[PDB]
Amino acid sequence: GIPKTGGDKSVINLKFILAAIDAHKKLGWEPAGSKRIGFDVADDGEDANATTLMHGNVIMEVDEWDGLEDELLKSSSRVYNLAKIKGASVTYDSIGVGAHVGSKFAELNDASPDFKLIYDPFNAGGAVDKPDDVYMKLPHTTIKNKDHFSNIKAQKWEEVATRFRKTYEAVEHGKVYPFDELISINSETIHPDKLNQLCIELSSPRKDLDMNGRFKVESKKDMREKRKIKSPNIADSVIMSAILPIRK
């Protein structure tokens, strides 16, 4: 329903995530579309760097590695080379340590004669895409995107959750959607440990409220302090890998 605070409701219901595992095999489509990498950048020892590779609407690869700011170059190079091998764009956490990532990418693009990496910064607290669009129509007013979402992070998290929910509807209830509106997790290219961790992490952050009454994702800080839960870096990389480019 409406955005609320407290409770224990996941932004992405675990049963949606389970239903999405090999959902493209169950429903009958193969990965087709743009290739995108989400790159979450570690900020403390409590964090790890995470990458998620999606092809179209299918999560294809997940990876995790340690590294702080003083090896950022190496990390950046890693993500660059992955992007060159997979032929993918990159959306990366651009706050904190990530504020120093763009430079690195630029350098590599400047040295590359053939490959130009398309990379976009993602500021979780930034403004929502299409703020004046209608999120929900009412008898005489409309809830706008700017009325429902606290920030762009909430917007992207709910967009991915909507993908998972439609996928659950299609798998468990036989409901019909255009396949591009769904999402799938490719088990054959993801280690079972990583698949389990992905399922746990994506369903870890809870629904919350900002002080304007807009939907907000439970903060990492609140997860760590109020609930003593590790940072779901892989889930953040997944959310960033699902982001579709805007302005053209």
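In case it trips you up, residue 1 is the first one in the sequence shown, and so on.
Higher mean CA temperature factor, per the PDB entry, when comparing 151 to 159 with 67 to 75: 67 to 75. Mean CA B-factor, 47 to 55 versus 218 to 226: the higher value falls on 218 to 226. As recorded in the PDB entry, 42 shows the highest C-alpha B-factor of the residues 42, 60, 183, 211.
Sort the modelled residues of the chain by CA B factor and residue 87 lands in the lowest third.
Placement of the Cα temperature factor of residue 38 within the chain: lowest third of the modelled residues, per the deposited record. For residue 116, the recorded CA temperature factor ranks within the highest third of the chain's modelled residues.
Per the deposited record, the Cα B-factor of residue 166 falls in the lowest third when ranked against the other modelled residues of its chain. Among all modelled residues in this chain, the alpha-carbon of residue 9 has a temperature factor (C-alpha) in the highest third.
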